[PDB]
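Each ligand, and each atom within it, is numbered from 1 in the order the structure gives. Computation of the quantities below employed the complete heavy-atom set of this structure, encompassing side-chain atoms and omitting hydrogens, waters and symmetry-equivalent molecules. Naming: A, B, ... by sequence-line order, numbering from 1 per chain.
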Amino acid sequence: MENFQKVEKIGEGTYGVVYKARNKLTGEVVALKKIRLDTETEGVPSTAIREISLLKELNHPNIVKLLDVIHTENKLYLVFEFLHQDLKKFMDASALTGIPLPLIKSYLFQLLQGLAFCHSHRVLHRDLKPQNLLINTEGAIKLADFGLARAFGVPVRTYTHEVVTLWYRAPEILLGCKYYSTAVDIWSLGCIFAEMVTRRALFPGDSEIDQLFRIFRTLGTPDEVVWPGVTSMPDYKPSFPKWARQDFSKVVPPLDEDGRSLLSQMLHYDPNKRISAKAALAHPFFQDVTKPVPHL
Amino acid sequence: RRXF
Amino acid sequence: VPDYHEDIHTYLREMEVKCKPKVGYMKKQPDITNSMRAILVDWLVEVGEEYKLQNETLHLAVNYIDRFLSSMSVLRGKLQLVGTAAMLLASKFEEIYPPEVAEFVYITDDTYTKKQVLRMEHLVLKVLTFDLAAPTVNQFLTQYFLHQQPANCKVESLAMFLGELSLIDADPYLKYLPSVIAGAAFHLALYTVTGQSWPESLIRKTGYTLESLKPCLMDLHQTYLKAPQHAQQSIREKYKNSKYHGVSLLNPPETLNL
Ligand SMILES: Cc1nc(N)sc1-c1ccnc(Nc2cccc([N+](=O)[O-])c2)n1
């Protein structure tokens with residue numbers, strides 16, 4: 001830590017504060033995450049355990065790079081490549097004009113690449129949200145914050161009390177599935193795709209039931225035809241109202257036929273039929289993908 | 001249990 | 001989604017080689033023995049039962065112990081400290097919420113302090129260089145179970161039993177990668193329950209013929225035959241539960257037809 005000068009606080013992640021820092025010997029600018037570390041009572045938090053072990057395994061252009069781990073008696077620091085902004089804050093600043101469609105396409109393409117790489121290496125991110133998606137000045141976007149990530153060499157059991165996020169949560173979790181699958185990450189990314197396009201959260205629920213119901217109002221209340229098994233899932237109720245599926249030309253007006261098609265496949269109700277990240281990369285929507293740079 |  | 005079944009298996013096959021312990025490390029430990037290790041692992045089986053931990057957590061903890069003891073000499077009075085920190089770390093990695101640290105002090109009958117446990121945690125992270133996502137027998141078995149025609153829950157439970165038994169005895173089981181032990185455990189379980197044999201679909205996928213599994217299998221057959229007389233009995237007691245269809249009450253075949 002002697003070779004780093006803290007410049008400023010840039011944010012917070014899972015159980016740690018993130019600083020912009022510079023290496024005084026090499027000149028490199030890094031992002032330093034200082035883990036909240038209680039040395040007498042609980043030790044190294046499970047978020048830092050998972051983030052370190054999983055990110056050391058994951059070397060990809062669209063996943064944030066862990067450069068180094070500095071582990072002393074009373075402090076734990078993670079050294080990352082520095083990235084300039086998060087997606088949440090970028091879209092707040094691009095509200096009114098909107099993020100240009102070509103840049104939306106590029107970001108989605110890149111996020112799918114990073115996600116596909118995670119999944120092929122048995123890592124579930126589990127908490128994809130714009131605040132965890134990081135951008136640089138050169139047009140790259142990267143997955144960040146692997147604190148809630150899990151290795152799925154054996155299937156991951158769902159949390160009784162979900163800590164993950166309401167708005168980007170898959171309907172199978174809300175209805176009480178016993179395990180996560182890679183499909184939960186596709187669902188979140190579909191929500192983020194729609195959010196970039198329309199300039200607002202697709203499903204801004206205020207509770208779990210309201211979250212389900214906001215999904216039902218846009219996508220239609222699911223049944224055995226659309227989602228075999230749904231009516232015998234732990235938290236399914238026959239008293240659920242019946243809403244009609246909305247035309248995606250109303251849900252995401254700016255988006256063309258290919259975009260609407262991919263979206264609907266990323267928001268498929270049945271986790272077994274929801275499109276995979278690898279398959280999504282083959283979709284015709286990415287035929288004309290380019291790499292524009294954002295105005296930060 | 002203490003254990004060797 | 002089964003789009004990554006192959007990729008994941010291939011990737012686990014690659015990582016199990018990297019997370020492998022040194023095979024002859026106990027010979028170079030001057031104060032501890034295979035037999036002590038066996039007592040330690042057996043105790044951890046029981047701890048996972050008391051605290052209703054997942055079986056993967058046990059498998060992970062053992063992997064962490066053997067890799068730690070591969071580079072660090074440990075006196076017999078501290079071996080339990082190593083195990084306890086391993087189980088804490090595995091629980092943190094694998095469990096939805098781990099038992100509190102205090103619970104890990106209590107399970108040793110307060111032979112160590114909370115601070116000792118936490119600083120052993122730090123030391124284990126240092127020596128393992130934070131590489132905790134190790135493939136296990138339990139992971140390979142879980143993936144092999146997708147190839148049952150049809151799925152049979154005695155087979156699964158008995159294969160898990162046999163997998164766990166192998167954690168207890170460093171000689172011979174440290175010789176074998178987890179995918180190989182899982183292979184032998186699955187065949188022997190399938191054979192024991194139905195008389196069937198290591199399926200061609202798994203021969204294509206693993207690239208393991210039954211013949212290549214033979215050395216590990218003969219070891220595992222003897223272990224299974226001699227399980228009721230073994231000094232360590234926690235796994236047997238564990239698998240008597242209705243949860244597991246009593247498999248450890250089924251009778252082992254006196255011959256493998258090999
Ligand atoms: C490792 C890491 N985890 C996060 N969570 S953010 C983070 C990180 C890594 C690299 N660069 C950045 N920079 C950055 C810039 C702007 C905003 C935010 N944010 O935390 O709000 C982060 N943040």
Side-chain angles (χ1 to χ4, degrees), chain A residues 1 3-23 26-37 44-71 75-95 99 103 107 110-111 113-115 117-118 121 123-150 163-165 167-168 185 188-189 192 195-196 201 293-296, chain C residues 130 133:
Chain A
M1 272 292 107
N3 302 312
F4 291 106
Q5 200 83 68
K6 278 170 192 181
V7 172
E8 64 186 317
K9 143 96 109 315
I10 51 174
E12 312 218 10
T14 49
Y15 296 87
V17 33
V18 184
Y19 299 86
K20 178 157 70 194
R22 58 178 185 85
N23 197 310
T26 63
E28 181 191 28
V29 176
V30 298
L32 278 181
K33 187 182 176 176
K34 179 191 181 180
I35 303 303
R36 299 184 172 285
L37 206 78
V44 177
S46 70
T47 51
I49 291 297
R50 284 156 181 171
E51 181 158 51
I52 298 160
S53 57
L54 299 177
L55 243 26
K56 276 188 76 185
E57 292 195 16
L58 295 173
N59 187 293
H60 186 86
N62 307 113
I63 301 173
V64 76
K65 278 239 283 174
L66 180 65
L67 299 170
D68 199 18
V69 178
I70 300 170
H71 182 37
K75 282 166 188 190
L76 217 201
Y77 289 93
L78 313 198
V79 189
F80 294 91
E81 58 166 325
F82 170 78
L83 288 136
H84 296 80
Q85 190 149 238
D86 74 61
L87 213 216
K88 176 72 180 161
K89 281 157 68 194
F90 178 57
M91 55 194 314
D92 284 354
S94 305
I99 298 168
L103 182 60
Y107 279 171
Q110 290 177 64
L111 295 163
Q113 285 181 252
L115 238 207
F117 192 88
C118 290
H121 290 65
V123 175
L124 268 189
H125 182 282
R126 278 215 306 130
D127 200 20
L128 295 174
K129 53 184 185 184
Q131 327 184 135
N132 284 341
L133 300 181
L134 301 171
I135 57 167
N136 75 4
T137 54
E138 293 176 351
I141 186 155
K142 310 196 188 198
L143 298 174
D145 208 319
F146 280 72
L148 293 173
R150 301 291 313 275
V163 73
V164 120
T165 229
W167 288 8
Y168 307 94
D185 281 344
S188 311
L189 199 51
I192 296 169
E195 187 171 336
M196 289 191 296
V293 304
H295 183 142
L296 303 172
Chain C
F130 288 84

Any atoms of ligand 1 less than 4.0 Å from a non-hydrogen atom of [X]? List them with their elements.
X      : result
A:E81  : 10 (C), 11 (N)
A:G13  : 5 (N)
A:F80  : 1 (C)
A:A31  : 9 (C), 10 (C), 11 (N)
A:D145 : 5 (N)
A:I10  : 12 (C), 13 (N), 14 (C), 17 (C), 18 (C), 19 (N), 20 (O), 21 (O)
A:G11  : 20 (O)

Is there any N or O on A:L83 that sits under 3.5 Å from an N or O of ligand 1? yes
Can you tell me if [atom1] on [X] sees more than 12 non-hydrogen neighbours from other groups inside 6.0 Å?
X     : atom1 : result
A:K6  : NZ    : yes
A:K65 : NZ    : no
A:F4  : CZ    : yes

Please determine whether any non-hydrogen atom of [X] lies less than 4.0 Å from an atom of ligand 1.
X     : value
A:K33 : no
A:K89 : yes
A:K20 : no

Given A:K20, which of A:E8, A:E81, A:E28 fulfils the salt bridge (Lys or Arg N to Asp or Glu O under 4.0 Å) condition? A:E8
Name the closest protein heavy atom to atom 2 (C) of ligand 1, giving the residue it belongs to and the distance to 0.1 Å. A:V18 CG2, 4.3 Å
From the options A:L134, A:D86, A:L133, select the one whose nearest heavy atom is closest to atom 22 (C) of ligand 1. A:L134
Taking side chain as C-beta onward, heavy atoms only, is A:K129 less than 4.5 Å from A:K88? no
When you compare the side chain of A:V69 with that of A:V79, does any pair of heavy atoms fall below 4.5 Å? no
Counterpart residues, side-chain hydrogen bond (donor to acceptor under 3.5 Å, both in side chains), relative to A:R126 (two or more places apart): A:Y159, A:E162, A:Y180
Results of ring-ring contact (aromatic ring centres under 6.0 Å, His included) for A:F82 - residues two or more places apart only: A:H84
Among A:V17, A:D145, A:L66, A:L76, find the one that has a side-chain contact (heavy atoms from CB on, under 4.5 Å) with A:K33. A:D145
